[PDB]
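Accompanying notes for the structure given below.
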């Protein structure tokens with residue numbers, strides 16, 4: 001119970017995306033795809049002035065470019081890559097820093113931004129590290145210091 005349910009559902013949707021791209025290992029780009037499609041993540045991107053159509057286009061190009069092969073069989077086991085283990089460690093660090101007891105979508109977003117491919121994509125849609133830090137700070141202020 002270190003993760004909110006909506007974050008777990010994004011991670012699970014990510015594993016299925018990874019599987020469909022022929023990967024046995026979940027990579028940050030698969031999680032980003034799931035996050036961008038999710039109800040909470042999609043709202044998060046639109047509030048923070050990320051063009052949804054452009055973001056989707058860039059994510060899909062990166063996904064197809066990193067495709068390993070045909071979709072794996074439905075029962076194949078997907079595990080976290082070393083990259084994703086770092087994503088989750090960084091997400092957990094971010095949630096802890098901003099006093100969120102469980103990792104929320106914003107904290108996962110921050111963790112994903114450390115991946116080189118995700119970072120390039122964010123650069124192309126104007127989502128700076130400064131902007132992501134602002135998302136986390138504002139979440140802290142709004143939730144724990146409401147006016």
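For neighbour counting, all protein chains shown are included, and Cβ atoms are generated from backbone atoms with ideal geometry for every residue, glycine included. Nothing in this text is a laboratory measurement; each read-out follows from the coordinates by a stated rule.
Numerical summary
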| quantity | calculated |
| --- | --- |
| Helix 129-144 axis, angle to the chain major axis (alpha carbon atoms, nearest 10°) | 60 |
| Order of 143, 66, 87 - criterion: other Cβ atoms within 10 Å of each residue's Cβ, fewest first | 143, 66, 87 |
| The chain, relative contact order in percent, only Cα pairs under 8 angstrom and at least six apart counted | 29 |
| Cα-based Rg of segment 12-147 normalised by 2.2 N^0.38 Å, two decimals | 1.05 |
| Gap separating the Cα centres of segment 14-43 and segment 96-131, nearest whole Å | 15 |
| Residue exposure sequence - 107, 23 - by fewest surrounding Cβ within 10 Å | 23, 107 |
| Acute angle (nearest 10 degrees) that the helix 82-97 long axis makes with the longest principal axis of the chain, alpha-carbon atoms | 10 |
| Segment 51-115: C-alpha pair distances exceeding 17 Å, % | 59 |
| Degrees between helix 28-37 axis and first principal axis of the chain (Cα, 0 to 90, nearest 10) | 70 |
| Extension gain (nm, one decimal) between residue 93 and residue 49, 0.36 nm per residue minus Cα-Cα | 13.3 nm |
| Taking 38, 33, 76 and counting other C-beta atoms within 10 Å, the order from fewest to most | 76, 38, 33 |
